[PDB]
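These notes concern the structure reproduced below.
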Amino acid sequence: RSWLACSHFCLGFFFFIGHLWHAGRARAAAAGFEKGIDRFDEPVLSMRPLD
Amino acid sequence: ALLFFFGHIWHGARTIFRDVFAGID
Amino acid sequence: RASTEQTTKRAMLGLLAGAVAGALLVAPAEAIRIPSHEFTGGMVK
Amino acid sequence: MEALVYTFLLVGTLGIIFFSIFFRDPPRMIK
Amino acid sequence: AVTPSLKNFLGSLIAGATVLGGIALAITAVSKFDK
Amino acid sequence: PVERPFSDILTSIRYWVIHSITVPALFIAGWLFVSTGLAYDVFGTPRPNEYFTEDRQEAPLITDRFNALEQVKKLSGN
Amino acid sequence: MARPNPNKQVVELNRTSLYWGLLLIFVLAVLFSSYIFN
Amino acid sequence: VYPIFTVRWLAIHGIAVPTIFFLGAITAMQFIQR
Amino acid sequence: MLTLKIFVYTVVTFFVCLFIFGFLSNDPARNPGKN
Amino acid sequence: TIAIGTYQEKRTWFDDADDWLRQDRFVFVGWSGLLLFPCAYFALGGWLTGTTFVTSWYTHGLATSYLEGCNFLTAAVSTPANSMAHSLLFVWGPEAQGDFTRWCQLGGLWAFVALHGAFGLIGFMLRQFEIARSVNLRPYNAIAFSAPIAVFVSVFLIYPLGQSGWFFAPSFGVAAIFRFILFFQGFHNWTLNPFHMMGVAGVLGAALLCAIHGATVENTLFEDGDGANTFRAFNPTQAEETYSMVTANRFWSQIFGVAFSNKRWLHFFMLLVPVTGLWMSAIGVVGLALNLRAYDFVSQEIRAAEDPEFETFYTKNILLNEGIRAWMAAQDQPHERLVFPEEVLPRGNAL
Amino acid sequence: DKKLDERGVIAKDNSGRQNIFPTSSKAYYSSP
Amino acid sequence: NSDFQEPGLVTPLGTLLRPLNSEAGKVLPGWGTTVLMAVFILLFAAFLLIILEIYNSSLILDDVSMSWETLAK
Amino acid sequence: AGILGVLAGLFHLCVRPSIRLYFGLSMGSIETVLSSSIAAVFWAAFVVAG
Amino acid sequence: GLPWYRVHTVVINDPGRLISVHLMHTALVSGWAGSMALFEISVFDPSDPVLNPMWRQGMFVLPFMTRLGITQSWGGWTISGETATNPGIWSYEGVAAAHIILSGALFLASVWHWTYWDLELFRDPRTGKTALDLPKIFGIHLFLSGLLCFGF
Amino acid sequence: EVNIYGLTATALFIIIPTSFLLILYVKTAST
Amino acid sequence: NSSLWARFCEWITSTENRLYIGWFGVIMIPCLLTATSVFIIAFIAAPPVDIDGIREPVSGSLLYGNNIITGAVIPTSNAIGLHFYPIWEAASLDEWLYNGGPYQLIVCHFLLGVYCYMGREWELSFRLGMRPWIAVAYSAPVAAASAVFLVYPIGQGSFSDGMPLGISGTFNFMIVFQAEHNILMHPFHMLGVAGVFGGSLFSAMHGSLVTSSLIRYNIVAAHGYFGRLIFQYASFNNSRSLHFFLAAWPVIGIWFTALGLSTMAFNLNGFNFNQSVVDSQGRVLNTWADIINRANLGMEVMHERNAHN
Ligand code: CLA
Ligand code: CLA
Ligand code: CLA
Ligand code: CLA
Ligand SMILES: C=Cc1c(C)c2cc3nc(c4c5[nH]c(cc6nc(cc1[nH]2)C(C)=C6CC)c(C)c5C(=O)[C@@H]4C(=O)OC)[C@@H](CCC(=O)OC/C=C(\C)CCC[C@H](C)CCC[C@H](C)CCCC(C)C)[C@@H]3C
Ligand SMILES: CC(C)=CCC/C(C)=C/CC/C(C)=C/CC/C(C)=C/CC/C(C)=C/CC/C(C)=C/CC/C(C)=C/CC/C(C)=C/CC/C(C)=C/CC1=CC(=O)C(C)=C(C)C1=O
Ligand SMILES: CCCCCCCCCCCCCCCC(=O)OC[C@H](COP(=O)(O)OC[C@@H](O)CO)OC(=O)CCCCCCCCCCCCCCC
Ligand SMILES: CC1=C(/C=C/C(C)=C/C=C/C(C)=C/C=C/C=C(C)/C=C/C=C(C)/C=C/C2=C(C)CCCC2(C)C)C(C)(C)CCC1
Ligand SMILES: CC1=C(/C=C/C(C)=C/C=C/C(C)=C/C=C/C=C(C)/C=C/C=C(C)/C=C/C2=C(C)CCCC2(C)C)C(C)(C)CCC1
Ligand SMILES: [Fe+2]
């Protein structure tokens, strides 16, 4: 029981981390900025300052 | 004594590297 | 009493150890050194 | 008396944190 | 009198002098060879 | 004058000829150093049947600085 | 009263430095008050 | 490119030779009935 | 205390429903990229 | 007048030696090398030899060696016996009398490794200075290393010097260092010292800064590469920085409340936190060297003694320290010749 | 920014902050 | 500036001590007397080692007893 | 020590530093003397504490 | 606009202000010595010299005065537990007062040297710029220190 | 009123640095 | 477009707020505010809590004779175990205080708040065009807190084994945990220590090199220093690979130490080398592991009460 519990808790934690990673990447890629900021139209530069 | 060891290190570094710290020739 | 009980495994392990060590020591040193030639070969100090 | 001193120190730290968050000097140096 | 510990300490001084001289001679010989 | 690359030595024949015959010598030297029991004598490590002496049945204690040599000689059983 | 000294600069402390100093002193007081009072 | 017995040679060997010797010693230690 | 339990349940349900309907209100379409 | 510049005189042996030392090869020797490479080398060698052949049977009553059947975690180079209070344990000294085997048995290998390692640390710091001077850079790495060298000096030389001898210095091993840690917890209440608290804050904050900076830099990168992998979209000869400082500043100003706006200040903060933490830890251990420990909280002790029906976590920690000391002293300090009967050993059910 | 002046003050050193450095005196042999 | 912004104040003690702070920057050619400095540094290191070992009981001499008991002479 | 000091002082009044030492230790700057003095008081502090 | 930690570097060139600053530091340390002497003398309890010595009462600067020959006091007592009849000029109180007077004199000298910072003594004859002949200054100071050590 | 000297130490340590920093900030802000 | 719901959504998701809220925000903010309010109130004026469930309360509030170092919020009574213990399920408010409910309240709300904080990090990164992997970096401290506060009590079987919300409480938790499981010899805690120390090392050294390089070159000039200082030429020549390594070292270390804590919760253990060296005749030769075991045994004997009235 100890072996099963430890192993599967570790696997579940790592797979939750994997969900975080892949969900973030998928949403970013769908948005169109999975490779980085454009450097020509930074969205931050198009916002009011002193957030 | 330990604090002054650190002080010695810092001041010796700022002596030997005077030109670099001052950004001159 | 303490004394080794294996007779001929020493040579068999030593041959493999030397053969592996030669390559494993030459290769990473090459990989690290080539950039050292590149850096100290015209833009140094 | 000690409890009052501890509470005052903690409240002061929280107030400093709040002021730093909200009343900071604007970062126009790079923005 | 020259106690054994004093003799050993003097021998240590001699040995350390020998080591420093060895390092100095090594650097001197190689530097002269290369320049 | 340029400190030859490692690739050149890797393909060299003299380097391999020397090392394939010299490295096993060192490995066998270490094996014999441990096997023949010279390590125990050189470094003073007691053998598994010498930890407890006939007269002593507990861990040794030096309890002496300027005569520590004789103390260790007696405690080790030599 | 002899001649103005050319080596006369002025210390300057922006707001971030003020906040850092206040936080440092207050946090050190928090850490060490229990020990000072025993 | 030709000369040997350089600083690199000494640096490599000083840490290589004892390493092989100690690996042999430890491998011998492994086979002790104790 | 039934009143406290009911109040806490109401608050939690309100917040959770707000959250769920927030992420259902076409979240992926509100980003600074155009795609 | 007869003026002069720099290097307008005849050459000397020093010039040839300096030219040879400061060449461009795989390993930069420099002058500091003459102090660093030998010393450090021996240190490592010592430790390895120490962890492979020699034994601590006659010093601690322990068996710590691969030849005696120990792991990598349990092997160590144990400190000399408490009888050799502060003797430097030269091979030629009055203790070893020139005998190498008895020198190893007496524990002199620990002193060998410690002293040669201290001088190796000095040589490494001088090497950092020399490299920085050779490449015309400010030597902040020298200060960043002034931190660990201070920690080492404190723990491994000032603590044993203030105590009864080298016996209580850390022994070079994994389980040995764990024993050192538990010994401090039991005997000094080192966790309750404000200076270890400052050091813990410094170290954990340094880890936090490292992680946050890496994540922020890797997640505000500029898209200057067609491929889906962003590592090849960069070369060392770039003009502009590879990450958007404005975006990172806004992100960490809207998530956390405050954010950096200056690369120099950010990286100097990263340099500053660990150095300050470790220096505070060093000061605390210097205090401990004289048994000036933060242990009492006298008011709590008085209140606990007055009425048994008053228990705080501090009192439980004090009881745990009592247990640690009582159950460890029997074997951790063999020179005391302590025989605690089971009756007097502290126990929880006796409270 | 160079020319730290005879007083050693540099308006913006490599750190970007004002600082003051000692004025090293050059060496001669005899002098007048 | 002219003469570093006009000459400084003159005092009798200033004129008396002026010679001691006039030849600033004067140096000898070559290495001068650095070898003597090295010799004296080595001798001083030996002296420090001797006293350290005497005070560390790593060098026992006949005359010295190295304990509080020497306070009774 | 006293006597030696005197003698040493005399030497340092009558013998100028070598140019190589003058530039190596930057004897023209007032900060090198500060570093050396900090080191000296550092050493004295350990000696007296011990 | 110097930072708070680079402030005193404003004295890194002109020797007169450096002398004034060093005089102020010397005055502060001497005043501390005198003040601690007075405080400990006020707190010291000399009745019992066997079971209540200096080191048991937390005295810090008193033992350093006693180590060199200061024993008596103007209160009539002695560090020995006996009683002093002619304490003389050199007692604990006398030493403390002397240190305080020296602190004040050094303070006045410091303010003077701060006011009259520009002195011809600090300008070398050639190049007419501020400079200190550090090797010769060190020679003079070492000569004086050795003389005082030998005298002591 | 317990540990009067401790209270005095804490008050001074909180006041003197705080007053110094505030005075410096006010002095520089006039620029 | 002008609907009230649309305006509320726009305000919640607006990037013009001084502090971004988002939907993770609307969830967390009440949670963390409740947690901090209850934590402050209990830390200042909470009555003693019966941690062990043997009618021997432990005081942890400032009013009840404590200071900042020794104060804490005591975990729930061992009698409750893992049972859900809100205010409305206790017989009376005094009993709720006595058993230790505020700890459960604070820990639950805090865990939810930190999870939603991890969510809103990603949410703002998405609304700003940033890449989304800062939540992955933050998952390490979140994982460690989750372990210490929820997974250890789950495996052990009671909330009384969770870390007290205090300083001396934290030290007591560590000492007991070492006594019971021998954490120091577990490889995962070793990896965590390596991660923390290496993160400190890399932060200090990266700061040193960058500060040195930054003049009035950021990677091509400083790399000459590091390439020869400790060898390793062309080890990290990219400003991107280096920063990814910085991000990866401590995060992985803390992930491993959190997993180790959870496994110890389900109680495998750290290593155990007790009596691992024996001479001929079978006598036991002590190693440093044996001394560590003696310290652990002393700690354990002090931790257990057994005799409880
Ligand atoms: C069925 C599940 C699944 C699937 C199909 C994928 C598929 C993919 N992933 Mg994802 N991923 C998953 C689970 C999954 N992953 C989980 C659970 C995690 C959390 C760790 C990740 C984390 C992750 C990252 C961070 C990245 C990917 C990437 C990728 C892509 C390339 C594969 C790769 O990494 O190269 C082959 C993989 C390797 C060479 C790595 C082998 C060495 C591993 C790390 C150690 C070996 C296992 C070890 C013994 C166990 C230690 C833990 C133990 C205690 C259990 C591919 C689309 C990469 C990509 O390009 O994204 C688009 C990328 O950057 N994934
Ligand atoms: C002989 C001793 C000596 C002397 C003359 C100097 C002189 C100097 N140092 Mg050095 N230093 C010393 C010892 C000394 N230092 C030691 C022991 C250390 C180790 C901690 C340092 C570390 C150090 C650093 C890191 C730096 C200097 C700098 C400076 C210059 C500006 C002074 C300053 O910091 O602003 C004035 C500072 C303040 C007004 C702040 C004071 C607040 C302190 C921290 C707390 C209060 C102290 C307390 C009242 C008195 C303590 C007494 C104790 C010493 C016994 C100046 C040339 C700076 C410089 O020019 O470099 C660019 C600089 O960056 N020093
Ligand atoms: C630069 C490299 C270096 C450095 C810094 C050290 C430093 C040290 N070693 Mg290591 N060692 C080295 C190289 C080095 N060693 C090498 C290459 C070897 C192999 C041969 C060793 C082998 C070794 C062993 C086996 C031992 C040490 C020990 C020591 C320590 C004692 C030092 C001592 O008393 O020596 C002597 C120091 C001097 C002689 C100082 C120089 C003084 C000169 C000679 C003055 C001469 C002037 C004049 C003629 C003297 C007049 C007096 C009288 C003759 C009239 C010290 C930490 C010992 C130790 O403490 O271990 C625990 C020890 O046991 N070392
Ligand atoms: C959250 C938990 C935590 C954390 C983060 C820390 C953090 C720290 N503790 Mg610990 N501690 C804790 C809990 C904790 N403590 C508890 C609960 C106890 C029980 C009381 C202790 C007991 C304790 C003791 C007893 C000591 C510390 C010390 C320290 C500091 C270590 C500094 C350092 O790197 O030294 C290690 C680094 C060095 C010694 C520098 C030497 C590095 C050399 C030059 C490298 C050698 C080259 C090498 C061969 C290269 C190989 C590399 C290879 C490994 C990859 C640091 C502030 C130590 C300290 O700093 O005190 C001053 C110390 O002595 N702590
Ligand atoms: C576990 C703690 C720890 C270790 C092991 C460590 C190790 C190292 N850091 C170095 C550097 C640094 N560390 C730095 C900051 C920090 N370093 C820290 C913590 C550590 N740093 C912390 C907390 C900080 C923040 C202040 C900086 C800023 C630097 C560097 O610049 C330098 C570097 O370039 O890193 C890449 C290297 C120094 C090489 C050396 O020893 O020179 C050669 C000298 C030698 C070998 C003599 C040492 C001999 C020792 C004392 C004797 C014992 C040796 C045995 C193997 C001991 C084994 C002990 C057992 C318990 C295993 C080395 C890789
Ligand atoms: C009733 C109540 C209130 C209860 C309270 C009870 C209680 C327990 C009180 C707490 C007591 C308390 C305060 C204890 C702590 C005391 C303590 C030990 C103090 C240590 C003090 C000290 C001097 C230590 C020395 C070491 C030291 C200096 C450590 C500093 C630690 C530190 C501040 C670390 C940094 C932390 C941090 C969160 C940094 C994040 C920075 C950040 C936002 C960067 C983001 C960022 C990254 C980029 O990469 C870029 C590019 C940009 C742009 C950018 O922005
Ligand atoms: C000249 C040295 C050449 C290298 C010798 C071999 C080195 C390897 C030694 C391995 C251990 C073997 C036992 C040797 C030890 C040994 O057998 O010593 C014995 C020797 C003489 O002692 P005796 O045996 O005569 O004493 C017997 C009785 O009379 C004792 O009371 O001691 C010495 O004279 C000093 C020797 C130093 C040898 C170490 C050399 C390094 C010295 C430190 C260098 C410092 C440099 C500082 C630079 C700043
Ligand atoms: C004697 C002596 C000396 C010297 C010494 C020396 C110098 C030494 C050296 C030494 C050395 C130099 C050693 C080395 C060693 C090494 C080793 C011992 C290694 C090991 C390794 C291992 C064990 C590995 C493992 C692994 C890997 C990494 C791969 C695969 C995986 C594994 C994990 C398996 C003198 C005379 C001065 C003095 C006295 C003492
Ligand atoms: C806290 C502490 C510290 C420090 C401290 C200090 C640094 C102090 C100082 C103090 C001081 C520094 C003091 C001083 C005092 C002074 C005085 C008290 C003076 C007086 C004077 C007078 C009284 C005068 C008078 C006069 C004059 C002016 C001259 C003329 C005549 C007459 C007489 C009028 C530390 C951090 C280490 C830590 C521990 C503790
Ligand atoms: Fe960076």
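Convention: chains lettered A, B, ... in structure tokens order; per-chain residue numbering from 1; ligands numbered from 1 as shown.
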Could you report the residues within 9 Å of ligand 8, using only C-alpha atoms and all ligand atoms, as a PyMOL selection string?
(chain H and resi 14-23+25-26) or (chain J and resi 38+41-52+72+91+100+104+109+112)
Write to file, as a short mmCIF file (atom, residue, chain, number, x, y, z; two decimals), in the first residue's frame, the residues of the selection just made, with N, CA, C and O atoms.
data_model
loop_
_atom_site.label_atom_id
_atom_site.label_comp_id
_atom_site.auth_asym_id
_atom_site.auth_seq_id
_atom_site.Cartn_x
_atom_site.Cartn_y
_atom_site.Cartn_z
N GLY H 14 47.56 14.20 -13.04
CA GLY H 14 47.56 14.26 -11.59
C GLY H 14 46.23 13.83 -10.98
O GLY H 14 46.20 13.33 -9.85
N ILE H 15 45.13 14.03 -11.70
CA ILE H 15 43.82 13.60 -11.24
C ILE H 15 43.35 12.32 -11.91
O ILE H 15 42.34 11.74 -11.47
N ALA H 16 44.03 11.86 -12.96
CA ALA H 16 43.64 10.62 -13.62
C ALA H 16 44.30 9.40 -12.98
O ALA H 16 43.63 8.40 -12.71
N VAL H 17 45.62 9.46 -12.74
CA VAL H 17 46.32 8.28 -12.23
C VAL H 17 45.79 7.86 -10.86
O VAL H 17 45.39 6.69 -10.71
N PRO H 18 45.74 8.73 -9.85
CA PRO H 18 45.15 8.30 -8.57
C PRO H 18 43.71 7.85 -8.70
O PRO H 18 43.28 7.00 -7.92
N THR H 19 42.96 8.40 -9.65
CA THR H 19 41.57 7.98 -9.81
C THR H 19 41.49 6.52 -10.21
O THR H 19 40.70 5.76 -9.64
N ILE H 20 42.31 6.10 -11.17
CA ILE H 20 42.33 4.69 -11.56
C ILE H 20 42.81 3.83 -10.41
O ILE H 20 42.26 2.75 -10.14
N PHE H 21 43.85 4.28 -9.71
CA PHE H 21 44.36 3.50 -8.58
C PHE H 21 43.28 3.28 -7.53
O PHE H 21 43.08 2.16 -7.04
N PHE H 22 42.54 4.34 -7.20
CA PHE H 22 41.51 4.25 -6.18
C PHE H 22 40.31 3.44 -6.66
O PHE H 22 39.68 2.74 -5.86
N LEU H 23 39.97 3.53 -7.95
CA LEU H 23 38.91 2.68 -8.47
C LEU H 23 39.28 1.21 -8.33
O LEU H 23 38.45 0.39 -7.93
N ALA H 25 41.33 -0.01 -6.07
CA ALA H 25 41.28 -0.31 -4.65
C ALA H 25 39.85 -0.56 -4.18
O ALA H 25 39.60 -1.50 -3.42
N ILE H 26 38.91 0.27 -4.62
CA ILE H 26 37.53 0.13 -4.17
C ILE H 26 36.91 -1.14 -4.75
O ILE H 26 36.16 -1.85 -4.07
N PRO J 38 48.19 23.50 -5.97
CA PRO J 38 48.73 22.50 -5.04
C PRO J 38 47.81 22.29 -3.85
O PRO J 38 47.25 21.20 -3.67
N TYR J 41 44.43 20.81 -4.52
CA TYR J 41 44.65 19.44 -4.94
C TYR J 41 44.77 18.53 -3.73
O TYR J 41 43.94 17.64 -3.51
N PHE J 42 45.77 18.80 -2.89
CA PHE J 42 46.00 17.95 -1.73
C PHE J 42 44.72 17.81 -0.91
O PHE J 42 44.32 16.70 -0.55
N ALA J 43 44.04 18.93 -0.66
CA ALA J 43 42.78 18.87 0.06
C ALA J 43 41.90 17.76 -0.50
O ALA J 43 41.63 16.76 0.18
N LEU J 44 41.53 17.87 -1.78
CA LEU J 44 40.71 16.83 -2.39
C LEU J 44 41.35 15.47 -2.17
O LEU J 44 40.74 14.56 -1.59
N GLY J 45 42.62 15.34 -2.55
CA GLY J 45 43.30 14.08 -2.35
C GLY J 45 43.13 13.58 -0.94
O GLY J 45 42.61 12.48 -0.71
N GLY J 46 43.48 14.42 0.03
CA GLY J 46 43.34 14.04 1.42
C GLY J 46 41.98 13.44 1.65
O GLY J 46 41.86 12.26 2.01
N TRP J 47 40.94 14.22 1.36
CA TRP J 47 39.59 13.76 1.66
C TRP J 47 39.36 12.38 1.05
O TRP J 47 38.94 11.45 1.75
N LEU J 48 39.69 12.22 -0.23
CA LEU J 48 39.45 10.94 -0.88
C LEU J 48 40.20 9.84 -0.15
O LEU J 48 39.60 8.85 0.28
N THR J 49 41.50 10.03 0.06
CA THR J 49 42.25 9.06 0.85
C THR J 49 41.59 8.87 2.20
O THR J 49 41.34 7.74 2.64
N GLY J 50 41.23 9.98 2.85
CA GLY J 50 40.60 9.89 4.15
C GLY J 50 39.34 9.05 4.11
O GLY J 50 39.05 8.30 5.04
N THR J 51 38.56 9.17 3.04
CA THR J 51 37.30 8.46 2.94
C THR J 51 37.46 7.05 2.39
O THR J 51 36.47 6.33 2.29
N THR J 52 38.67 6.65 2.02
CA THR J 52 38.89 5.36 1.39
C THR J 52 39.65 4.37 2.26
O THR J 52 39.31 3.19 2.28
N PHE J 72 28.96 5.94 0.68
CA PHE J 72 29.39 7.31 0.41
C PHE J 72 28.79 8.29 1.41
O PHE J 72 29.40 9.33 1.70
N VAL J 91 52.79 16.45 10.64
CA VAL J 91 53.31 15.09 10.60
C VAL J 91 54.56 14.99 11.46
O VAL J 91 54.82 13.96 12.09
N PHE J 100 53.82 8.33 9.82
CA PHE J 100 52.66 8.61 8.98
C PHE J 100 51.45 7.77 9.39
O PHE J 100 50.32 8.27 9.40
N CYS J 104 47.93 9.29 10.69
CA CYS J 104 46.60 9.03 10.15
C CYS J 104 45.66 8.54 11.24
O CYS J 104 44.49 8.94 11.29
N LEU J 109 44.82 13.80 9.41
CA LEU J 109 44.37 14.00 8.04
C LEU J 109 43.30 15.09 7.97
O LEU J 109 43.24 15.85 6.99
N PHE J 112 45.14 18.37 8.04
CA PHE J 112 45.75 18.53 6.73
C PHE J 112 44.74 19.07 5.72
O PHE J 112 44.97 20.11 5.08
#
Around ligand 3, at most 6 Å away and counting only C-alpha atoms and all ligand atoms, which residues are there? Put them as number ranges by chain, please.
E: 10, 12-14, 16-17; J: 34-35, 38-39, 88-91, 108, 111-112, 115-116; L: 42-43, 45-46
Keeping only N, CA, C and O atoms, write the selected residues to a file as a CSV table (one decimal), in the first residue's frame.
chain,number,residue,atom,x,y,z
E,10,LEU,N,62.7,22.9,12.7
E,10,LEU,CA,63.7,23.4,11.8
E,10,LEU,C,63.8,22.6,10.5
E,10,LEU,O,63.9,23.2,9.4
E,12,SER,N,61.2,21.2,9.2
E,12,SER,CA,60.0,21.6,8.4
E,12,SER,C,60.3,23.0,7.7
E,12,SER,O,59.9,23.2,6.6
E,13,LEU,N,61.1,23.9,8.4
E,13,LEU,CA,61.5,25.1,7.7
E,13,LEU,C,62.3,24.8,6.5
E,13,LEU,O,62.1,25.4,5.4
E,14,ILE,N,63.3,23.9,6.6
E,14,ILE,CA,64.1,23.5,5.5
E,14,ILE,C,63.3,22.9,4.4
E,14,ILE,O,63.5,23.3,3.2
E,16,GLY,N,60.0,23.3,3.7
E,16,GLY,CA,59.2,24.3,3.0
E,16,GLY,C,60.0,25.2,2.2
E,16,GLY,O,59.6,25.6,1.1
E,17,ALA,N,61.2,25.6,2.6
E,17,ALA,CA,62.1,26.4,1.7
E,17,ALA,C,62.4,25.6,0.5
E,17,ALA,O,62.5,26.2,-0.6
J,34,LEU,N,49.9,29.3,-8.0
J,34,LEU,CA,50.9,28.7,-7.2
J,34,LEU,C,50.4,28.4,-5.8
J,34,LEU,O,51.0,27.6,-5.1
J,35,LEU,N,49.4,29.2,-5.3
J,35,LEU,CA,48.8,28.9,-4.0
J,35,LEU,C,47.6,28.0,-4.1
J,35,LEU,O,47.3,27.3,-3.1
J,38,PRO,N,48.2,23.5,-6.0
J,38,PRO,CA,48.7,22.5,-5.0
J,38,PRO,C,47.8,22.3,-3.8
J,38,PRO,O,47.2,21.2,-3.7
J,39,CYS,N,47.6,23.3,-3.1
J,39,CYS,CA,46.8,23.2,-1.8
J,39,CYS,C,45.5,22.5,-2.1
J,39,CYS,O,45.3,21.4,-1.6
J,88,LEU,N,48.0,21.6,15.8
J,88,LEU,CA,47.9,21.7,14.4
J,88,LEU,C,48.2,20.3,13.7
J,88,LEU,O,47.8,20.1,12.5
J,89,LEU,N,48.7,19.4,14.5
J,89,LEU,CA,48.9,18.0,14.0
J,89,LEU,C,49.7,17.9,12.8
J,89,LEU,O,49.4,17.3,11.8
J,90,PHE,N,50.9,18.6,12.8
J,90,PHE,CA,51.9,18.4,11.8
J,90,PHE,C,52.4,16.9,11.8
J,90,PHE,O,52.3,16.3,12.8
J,91,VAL,N,52.8,16.4,10.6
J,91,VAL,CA,53.3,15.1,10.6
J,91,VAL,C,54.6,15.0,11.5
J,91,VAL,O,54.8,14.0,12.1
J,108,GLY,N,45.2,13.4,12.1
J,108,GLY,CA,45.8,14.5,11.5
J,108,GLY,C,45.4,14.8,10.1
J,108,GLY,O,45.6,15.9,9.6
J,111,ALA,N,43.1,17.8,9.9
J,111,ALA,CA,43.8,19.1,10.0
J,111,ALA,C,44.5,19.4,8.6
J,111,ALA,O,44.5,20.5,8.1
J,112,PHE,N,45.1,18.4,8.0
J,112,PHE,CA,45.8,18.5,6.7
J,112,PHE,C,44.7,19.1,5.7
J,112,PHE,O,45.0,20.1,5.1
J,115,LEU,N,43.4,22.8,6.7
J,115,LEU,CA,44.3,23.9,6.4
J,115,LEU,C,44.6,24.1,4.9
J,115,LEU,O,44.5,25.2,4.4
J,116,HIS,N,44.8,23.0,4.2
J,116,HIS,CA,45.1,23.1,2.8
J,116,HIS,C,43.9,23.6,2.1
J,116,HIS,O,44.0,24.4,1.1
L,42,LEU,N,60.3,37.0,4.9
L,42,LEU,CA,60.5,35.6,5.2
L,42,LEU,C,60.9,35.4,6.7
L,42,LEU,O,60.4,34.5,7.4
L,43,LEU,N,61.8,36.2,7.2
L,43,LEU,CA,62.3,36.1,8.6
L,43,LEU,C,61.1,36.4,9.5
L,43,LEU,O,61.0,35.7,10.5
L,45,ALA,N,57.9,35.8,8.9
L,45,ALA,CA,57.1,34.6,8.8
L,45,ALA,C,57.6,33.5,9.7
L,45,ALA,O,56.9,32.8,10.4
L,46,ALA,N,58.9,33.3,9.6
L,46,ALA,CA,59.5,32.3,10.5
L,46,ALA,C,59.3,32.6,12.0
L,46,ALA,O,59.0,31.8,12.8
Each chain F residue no farther than 12 Å from ligand 7, nearest pair in Å, only C-alpha atoms and all ligand atoms, as JSON lines:
{"residue": "F:42", "atom": "CA", "partner": "ligand 7", "partner_atom_place_in_ligand_line": "12 (C)", "distance": 10.7}
{"residue": "F:43", "atom": "CA", "partner": "ligand 7", "partner_atom_place_in_ligand_line": "11 (C)", "distance": 11.3}
{"residue": "F:66", "atom": "CA", "partner": "ligand 7", "partner_atom_place_in_ligand_line": "31 (O)", "distance": 10.7}
{"residue": "F:67", "atom": "CA", "partner": "ligand 7", "partner_atom_place_in_ligand_line": "31 (O)", "distance": 11.1}
{"residue": "F:69", "atom": "CA", "partner": "ligand 7", "partner_atom_place_in_ligand_line": "30 (C)", "distance": 10.5}
Residues as selected, N, CA and C atoms, written as a compact mmCIF listing (two decimals), in the first residue's frame, can you do that?
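Contents of part-v3.txt, freshly written:
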# COMPACT_ATOMS: atom_id res chain seq x y z
N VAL F 42 49.67 0.32 5.93
CA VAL F 42 50.12 1.67 5.59
C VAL F 42 49.27 2.71 6.30
N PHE F 43 47.95 2.57 6.25
CA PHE F 43 47.04 3.58 6.78
C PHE F 43 46.56 3.25 8.19
N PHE F 66 50.82 14.50 24.38
CA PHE F 66 52.24 14.43 24.08
C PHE F 66 52.80 13.01 24.10
N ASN F 67 52.03 12.04 24.58
CA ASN F 67 52.38 10.63 24.47
C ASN F 67 51.39 9.88 23.59
N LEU F 69 51.53 8.95 20.61
CA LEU F 69 52.12 7.91 19.77
C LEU F 69 52.15 6.57 20.50
